[PDB]
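Below is one structure; the comments refer to it alone.
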Amino acid sequence: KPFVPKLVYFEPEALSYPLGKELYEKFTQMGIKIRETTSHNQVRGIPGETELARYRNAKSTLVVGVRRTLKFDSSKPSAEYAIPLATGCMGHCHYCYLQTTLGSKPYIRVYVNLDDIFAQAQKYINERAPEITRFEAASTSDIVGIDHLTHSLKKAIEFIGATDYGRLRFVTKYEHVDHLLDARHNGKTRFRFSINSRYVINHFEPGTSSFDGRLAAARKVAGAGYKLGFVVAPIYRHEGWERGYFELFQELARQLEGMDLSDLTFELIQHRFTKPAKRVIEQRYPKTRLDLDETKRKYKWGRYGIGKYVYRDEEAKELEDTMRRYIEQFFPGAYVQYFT
Ligand SMILES: C[Se@@+](CC[C@H](N)C(=O)O)C[C@H]1O[C@@H](n2cnc3c(N)ncnc32)[C@H](O)[C@@H]1O
Ligand code: SF4
């Protein structure tokens, strides 16, 4: 509010880059505890005697490192590629799918070699030009929520804005967007916000900005000329979900009335969870009301990893049809990019 870490790790090589140097100067000036780590993927000594303590303390830890990977992962259906600027999040969403992603770490990571990263991005753009290449910057982090510390996203926005065939997009649950409002985005960045029913936000999204805060930020970014979008996710069949999601879209329309919404986009993602999710989530959030009963679900098998549970076809279809009705009612001429 906005996020500031209570412990910072640096890779020694990180100090060779402007961002690493800048962050070391900032955090030493603030008197924050700073440690050294050989790799940002191998961070040792995070305080805590229990698993819950170590998890919660990791969520208050920042790790400053060099990105050595290299190839960008695909990010379909959002975008062609995930541009890697950060990994991890300070938020505590009970359902967060990043918790059980292969190789995910609970701490927040930021990468300092932006020249390298943007160079590789340009390479991907050139490989496909004159076709457009889209980059997702919040695939494995809340890149916006972290950004006031680094301005790495602001730099990426302006990098992409300068390109002819590159486009950028990202989604956030945080309202701390003021430093991004004067960025030279050149119309090539889609600024999105995660929204949900009152039930889901109140019960499952602690440590994030409120709905009203997210909408205040949305009006700001739209007013600064960014393309605006919303991601309705996770779509979760809680008791009274039909009316809950009806009221979401009704309230969303009221909070955006007056504004031009001719190019507004919606993305719909149903709640999914993996086989190890129940054990992990119940350890980290003992009092959660999140239902992870796999017997009511359909399993989608993994390809190179493990798969996940989604709602059954009938219930998934019901969710999709209902969401599409609401968007048609309150946002005629808004585009629904996908339901998954
Ligand atoms: C990985 Se989230 C990273 C970006 C940012 N920190 C944010 O929260 O918007 C990206 C989206 O995915 C959703 N999401 C998270 N977990 C799940 C899930 N388990 N099932 C279904 N959806 C899940 C979140 O609500 C987001 O809309
Ligand atoms: S804000 Fe996004 S990345 Fe952070 S815990 Fe919530 S879903 Fe996960």
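Please work out whether region 1-116 counts as rounded, prolate or oblate from its C-alpha gyration tensor, where a ≥ b ≥ c are the square roots of the eigenvalues and a/c under 1.5 means rounded, while otherwise a/b larger than b/c means prolate and anything else oblate? Please report the intermediate quantities before stating the final value.
Details: a/c = 1.77, a/b = 1.09, b/c = 1.63.
In terms of gyration-tensor shape, oblate.
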- prompt: Using the 10 angstrom Cβ neighbour count as an exposure proxy, how do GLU49, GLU136, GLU251 rank, fewest first?
  reply: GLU49, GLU251, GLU136
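Taking the Cβ of each residue in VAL310, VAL200, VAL4 as the centre, tally the other Cβ atoms inside 10 Å and list the residues starting with the fewest. Don't skip to the answer; put the middle values down first.
Numbers: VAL310 18, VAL200 25, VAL4 13.
The fewest-first ordering by Cβ neighbours comes to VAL4, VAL310, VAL200.
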Whole-Å distance, taken between Cα centres, linking region 1-78 and region 216-278: 30 Å
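Tell me, what is the percent relative contact order of the chain, built from C-alpha pairs under 8 Å that lie six or more residues apart? Write out the running numbers ahead of the final one.
Numbers: 598 pairs, mean separation 46.6, N = 340.
Relative contact order for the chain comes out at 14 percent.
Determine the gain in length on full extension of the stretch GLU315-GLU131; use 0.36 nm per residue of separation and subtract their C-alpha separation, reporting nm with one decimal. Before the final figure, lay out the partial values.
Details: separation 184, 0.36 × 184 = 66.24 nm, distance 3.64 nm.
So the extension gain works out to 62.6 nm.
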- line: Once the in-chain neighbours fewer than 8 apart are removed, the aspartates and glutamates whose Cα is under 16 Å from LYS21 read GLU11, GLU13, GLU36, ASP115
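Pairs to check: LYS1/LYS220; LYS278/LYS300; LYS71/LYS275; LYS123/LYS173; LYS173/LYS227; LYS71/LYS308. Give those whose C-alpha atoms are more than 19 Å from each other in this structure. Kindly include the intermediate steps, with their values, before the conclusion.
Values: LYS1/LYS220 17 Å; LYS278/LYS300 17 Å; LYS71/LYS275 28 Å; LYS123/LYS173 30 Å; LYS173/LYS227 17 Å; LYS71/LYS308 25 Å.
Violating the 19 Å Cα-Cα cut-off are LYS71/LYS275; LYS123/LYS173; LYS71/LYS308.
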statement: Two pseudo-spin positions, 7 Å from Cα along C-beta at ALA253 and at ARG56, lie apart in nanometres by 4.2 nm
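Could you tell me whether the chain comes out rounded, prolate or oblate from its Cα gyration tensor? Rule is a ≥ b ≥ c as square roots of the eigenvalues, rounded for a/c under 1.5, then prolate if a/b exceeds b/c, otherwise oblate. Please report the intermediate quantities before stating the final value.
Values: a/c = 1.58, a/b = 1.19, b/c = 1.32.
Verdict is oblate for the chain.
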query: Say each of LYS278 and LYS33 gets a label point 7 Å from the Cα, pointing the same way as Cα to Cβ; how far apart are those two points in nm?
result: 3.6 nm
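Taking 45 Å as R0, compute the FRET efficiency from the Cβ-Cβ separation of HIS92 and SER16 and round it to 0.05. Walk me through the numbers before you get to the answer.
Details: r = 34 Å, r/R0 = 0.75.
So the FRET efficiency works out to roughly 0.85.
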message: Just to be sure I understand the model, the point goes 7 Å from the Cα along the line to the Cβ. What's the resulting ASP293 to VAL336 distance in nm?
response: 2.7 nm
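Counting neighbours? That spans all protein chains shown, and the Cβs are built from the backbone with ideal geometry, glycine included. Every number here is computed from the coordinates shown, using simple stated rules; none is lab data.
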